[PDB]
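I have placed the structure first, in the form of structure tokens, so that the comments after it can refer back to it.
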Amino acid sequence: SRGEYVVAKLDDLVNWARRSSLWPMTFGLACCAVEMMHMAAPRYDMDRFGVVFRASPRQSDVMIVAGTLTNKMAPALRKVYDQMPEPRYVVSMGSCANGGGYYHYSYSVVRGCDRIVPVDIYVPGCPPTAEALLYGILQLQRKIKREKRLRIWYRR
Amino acid sequence: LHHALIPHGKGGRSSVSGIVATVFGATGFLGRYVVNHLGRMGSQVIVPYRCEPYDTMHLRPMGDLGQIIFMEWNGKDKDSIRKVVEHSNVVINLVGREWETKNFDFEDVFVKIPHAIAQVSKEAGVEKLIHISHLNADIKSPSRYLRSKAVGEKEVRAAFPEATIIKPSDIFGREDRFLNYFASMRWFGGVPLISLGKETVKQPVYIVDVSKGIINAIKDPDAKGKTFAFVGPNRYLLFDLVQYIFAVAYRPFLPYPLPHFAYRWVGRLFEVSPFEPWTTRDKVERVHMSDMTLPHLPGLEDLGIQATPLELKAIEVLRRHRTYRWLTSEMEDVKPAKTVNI
Amino acid sequence: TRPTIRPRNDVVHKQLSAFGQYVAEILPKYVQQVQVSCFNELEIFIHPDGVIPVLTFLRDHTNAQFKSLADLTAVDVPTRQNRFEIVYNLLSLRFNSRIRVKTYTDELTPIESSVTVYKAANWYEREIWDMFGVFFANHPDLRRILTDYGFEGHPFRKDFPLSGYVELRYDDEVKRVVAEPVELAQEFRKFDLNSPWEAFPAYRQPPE
Amino acid sequence: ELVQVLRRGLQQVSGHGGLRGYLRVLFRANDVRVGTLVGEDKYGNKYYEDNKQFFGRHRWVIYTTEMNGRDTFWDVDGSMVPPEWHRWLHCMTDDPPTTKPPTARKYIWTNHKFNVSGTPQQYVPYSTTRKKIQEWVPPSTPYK
Amino acid sequence: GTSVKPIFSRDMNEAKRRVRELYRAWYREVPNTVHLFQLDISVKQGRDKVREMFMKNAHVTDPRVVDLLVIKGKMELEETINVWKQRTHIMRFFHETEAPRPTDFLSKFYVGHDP
Amino acid sequence: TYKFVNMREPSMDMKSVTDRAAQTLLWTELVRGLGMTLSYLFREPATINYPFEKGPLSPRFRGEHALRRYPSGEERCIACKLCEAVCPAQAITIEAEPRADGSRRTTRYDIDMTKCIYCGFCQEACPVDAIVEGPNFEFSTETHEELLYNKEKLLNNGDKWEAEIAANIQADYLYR
Amino acid sequence: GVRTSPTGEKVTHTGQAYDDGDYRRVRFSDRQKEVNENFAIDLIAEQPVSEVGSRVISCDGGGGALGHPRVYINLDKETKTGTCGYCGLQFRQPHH
Amino acid sequence: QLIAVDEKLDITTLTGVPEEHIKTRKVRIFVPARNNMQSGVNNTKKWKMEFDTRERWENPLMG
Ligand SMILES: CCCCCCCCCCCCCCCCC[C@@H](O)O[C@H](CO[C@H](O)CCCCCCCCCCCCCCC)COP(=O)(O)OCC[N+](C)(C)C
Ligand SMILES: NC(=O)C1=CN([C@@H]2O[C@H](COP(=O)(O)OP(=O)(O)OC[C@H]3O[C@@H](n4cnc5c(N)ncnc54)[C@H](OP(=O)(O)O)[C@@H]3O)[C@@H](O)[C@H]2O)C=CC1
Ligand code: SF4
Ligand code: SF4
Ligand code: SF4
Ligand SMILES: [Zn+2]
């Protein structure tokens, strides 16, 4: 057809624009924020992929949960996740954010940030190396590339 | 009972409830509440979806690890329906549109799809089927929505004789098109009401009550081939209801009467939207139609649900429609509306 | 005996024993016992009523001068009538020495606040109250410090379970985080590791 | 000296196989360096070397355009490197698998696989133990 | 004399007056809590919840335990007033997400093994 | 032995006062900072071209777990459960029984990689070099359930990464 | 030695396969079931039995310090071979 | 001064334990029996307190 070709091209353009410009929230909790900083360091240079930290949640595309989520912090994490304008994505970093990790049986730790917010990518490690988080970010970019919003809208 | 399905635990997130449910239309207003209630108990929920997987993210925190499974299906393909209902012992049908899209008309989403779902569930060994129809569904109504609802209800009953049929009435909640719909027309200066809303009676029902009733019908042995009417505790005139809606939102209420032909015309004009229409002619017909009273049918009180009145839950929906001046106003400040109770 | 065994220091042992006797002689009203460990650590056990006098003497006396409070914490021993044991670790910069002061309490008897003597104690006592439930009298601001708001019970106590009593999740029906009774997908596995053969004969207890 | 760096740039353009190859590598790898080919892979990857670069840039891989079943012209990832070249490329050794091949075992995968997350080949966990308690089976014959 | 020292109160009467003083503060605070946190409950509902929380500990006869309970109630009041708590913490008092556990013998027998 | 960091006072010479005045009025120190940053502008950046270039690693590197085999193809693991007893995070679950030939082999071997802290105590404890931490670190998934490994996944990881795990062990087992 | 269940599901080395009526097979719908294709029991069964000229033999699994702890096997029974308790290799004295 | 409380000690309201896990629980106060597999007796010296065993079930995922 002709309309489906147009919506496919528009999907390609929108997904390309969205994945090339991924702005994570300046958000970090524990040990894994250090490796995220090292990803921002000159050796890996997360800026060169179009990925720059921005403090305000209203100006953020991705949330990287890097560290332990505690019961005291869970409302704050949910609050800053809800204030992100959509489309928004969540990357889980390290054992503590993935499933509770080394404090899984604690009384004050949330066993996985996916009990609080929906997670798109699970990066494993304690902590994941800077290339591990870079691999996760590029995997999220490929996942964004694979989405088809206007093709599904056109077929409704 | 197939040992792998014997209930275990305290009915929490990590428990086993023995329920394996395929929830059709789980990405809608009612579907999220139904999936939340099922995953609270520790049930295996199968979530069939046709939309973008991004639009299913909100359903993932609703179950434990492995308890919510997302599969792609096509409404017009029966192999997909077999794939998603093959291993389930309960099937819930919440599929439905409020407008007719170019690819699916009313009898495609209310007649063909429910019938195919029911037949494949019956021939796949599914034990329980829950079908959601409308309270005002009859074959002689001016609304194509309700005519298709009645035809599909009878055809589903034909294809699955022991199916439970539930007929709610004007579900109101946070992501609803009822309370929200009325609040949304404040911008158009006035509120157009056919005959000023003095000849229409509504009995809206809370969303949580409908979800609880569906869950109770799932686990009620006596509700196999029955039909339920899910209605609220109070009946309101449409004028009084909209007046209360605007009073809770703290907006100025300026209603005016509009003839049926002109307001149908503006509905038809709005229908041309390639996206979700603001209103349609069928929406007009349903809005200005009185609610049927079916006292012979079982209701929420027969499933143990005490219907929640609108006055205790309208603020949680209509506070979003307030301005900064009235944002902190409390619940018991807005003088509950006049009720047409018998 | 040289390569793998930690060497001894008898000079420090004698000095600490002499100073322990000194502190015991000066404060007979409160001091109940003085010990010196086999690795040269001086411990002084006192009656709970003497926290302020003993700490003030140890901070201000010219001979002692223990100006810095290194750490203040509690130890829980449920088999004792006075359940909780309050431990003060002080450091002397003038004489390059460290002392430890220990007292006791239970769930209902308050311990006098040590904030006037040491400014650093204000957070430490808040944490002791938060983790063990020991109330400190005359504290300028006593409240929870480490636990979540509205947290019920004290985590550090032995009776409290490792995983607690409630857990958190987000509920889309109420659109907020909620607390529910803890349910575990995999229960923590308890290990019985103690050997039934005695390891250290020097610590054998009388068999009653 | 400026003319010489211009010569070096022109030689980089020429040594990639003309302008088409130059543009291809520039738009795929975002780098136009030329190094000695250490070896080629079983799947189409090529591994180059340049000892005059600083530690970290002296080794690199140009990924294949066609892995097991997908087109990796644009979509490449680090999980596409087989374990022997994985050891060489991460500088855990100075010996390429061409000079020092790994030991051959019958159970070693003869076909490497990338990260298959998000595809139908993804790993789905399950319990690997058998049923613990057996239930009594009632007789098939009537009793009265 | 049982060799026990008080915290604040020496008999049940001072404990009761402190309880009453604390109760008034909580009762007074309830409407401000409902407005500030933007709760979807009525002031009557919150005051009934405060009453229930006070009556959960009506069986205590030890003045020391009553003093400690009043101290904890003061800390709770302080958190609410200063907005340290979040709608989450305030609404944890109502248990909206919890299915009511049955109390009769037959339901417990049908569901499982717990008494 | 100590030194002072900030107890120097400046000379009151007329030319020294004039130099300080010139620094205040003409911003010489700020120009020095600009010069430092300009000198960095003309240096070669430290960025590597990921994913086409990788950061350096070591044979000791702890990566994705794997279950190994003997050269004959028999599994090395004998279900001693020393790895399970030493795991600081309790991430390992093991069940065993006699095999059909009477061999002592596991029937369940799971590692929860969202509990694992990647400390490597399990492979130090193992007496037969059965469980190891391989060199793989690029194994991010899209769901939580994919990080709950069982015996099939771990054996497949071993079969996939043996050619590199064996070489890494060969280069380091003399330090162990 | 992967054999196929009557339902069509692969059977693991442990032997666990879901029964036709098990709802838990739905997790493999639109996805796959992970089964290792090399069975250790069959792979160790292929090894030849080593004949040695001594009553007692020693086994460390090969590789020296890269194998298992060294154990000594008695080979006095003439009706059965001696098997390593770690490696599974079989030894016997020359009979017949 | 001392206030002479002559009541039974009861700290139930201060521990924050849910009232389910105080009234329906039954603890066992005992000296553990010697592991019959060994002759060591060092594990039979102290008194132990443990609670009544409750239900354990199999996880639908991973078992
Ligand atoms: C008129 C105003 C509205 C539109 C404005 C548009 C502005 C100009 C459009 C910008 C064009 C740039 C898009 C194309 C760049 C894509 C680059 C290329 O690499 O894409 C590849 C795939 O193709 C792209 O996805 C195509 C996307 C563009 C599709 C066609 C554009 C249609 C434009 C239509 C605009 C009309 C709008 C008018 C409405 C009024 C995959 O690349 P990728 O690998 O990921 O990136 C590098 C990662 N590496 C290192 C691993 C390689
Ligand atoms: N809510 C109310 O006020 C009342 C509701 N009901 C009935 O309850 C059911 C659901 O209510 P509600 O959830 O509010 O309706 P929604 O439109 O909010 O949810 C619709 C659901 O149906 C699915 N769906 C719609 N069309 C198709 C299609 N052609 N093929 C496949 N899936 C489709 C949608 O999936 P996607 O999002 O991917 O399209 C979505 O999950 C409907 O049947 C409705 O008639 C009955 C009485 C009143
Ligand atoms: S995963 Fe490990 S490194 Fe990361 S925050 Fe948790 S403990 Fe620290
Ligand atoms: S690496 Fe450490 S935490 Fe992970 S499985 Fe091994 S012992 Fe356990
Ligand atoms: S992996 Fe090693 S340590 Fe763990 S059970 Fe097997 S043989 Fe024992
Ligand atoms: Zn052997």
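So that the names make sense, note that chain A is the first sequence line, chain B the second, and so on, each numbered from 1. Note: hydrogens, waters and symmetry copies are ignored here, and every other heavy atom, side chains too, is used.
The salt bridge (charged side-chain N to carboxylate O under 4.0 Å, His left out) check on A:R18 picks up nothing, with sequence neighbours excluded. Evaluation of the salt bridge (charged side-chain N to carboxylate O under 4.0 Å, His left out) rule for A:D47 yields no partner, not counting sequence neighbours.
The CG atom of B:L65 lies 12.0 Å from the CZ atom of A:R111; values are rounded to the nearest 0.5 Å.
Annotation: B:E276, atom CD; neighbour count of heavy atoms from other residues, nucleotides and ligands within 6.0 Å does not exceed 12. The number of heavy-atom neighbours closer than 6.0 Å to CD of B:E72, taken from other residues, nucleotides and ligands shown, is 12 or below. For A:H38, the NE2 atom sits in a loose shell: 12 or fewer heavy atoms of surrounding residues, nucleotides or ligands are nearer than 6.0 Å. For B:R322, the CZ atom sits in a packed shell: over 12 heavy atoms of surrounding residues, nucleotides or ligands are nearer than 6.0 Å. Dense packing is recorded around NZ of B:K76, with more than 12 heavy atoms of other residues, nucleotides or ligands lying under 6.0 Å away. Within 6.0 Å of atom CH2 in A:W23, 12 or fewer heavy atoms from other residues, nucleotides or ligands are found, so the atom counts as exposed in its surroundings. Within 6.0 Å of the OH atom in A:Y102, the count of heavy atoms belonging to other residues, nucleotides or ligands does not exceed 12.
Counting only heavy atoms from C-beta outward, the side chains of A:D120 and B:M57 approach each other to under 4.5 Å. Considering only heavy atoms from C-beta on, A:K143 stays 4.5 Å or farther from B:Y54 through its side chain.
Below 4.5 Å, heavy atoms of chain A meet heavy atoms from B:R13, all part of residues 8-44 of chain B. Contacts of residues 148-156 of chain A with chain B at a heavy-atom distance below 4.5 Å involve A:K148, A:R149, A:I152, A:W153, A:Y154, A:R155, A:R156, listed in sequence order.
If you measure heavy-atom distances from A:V119 to chain B, the contacts under 4.5 Å come from the backbone alone.
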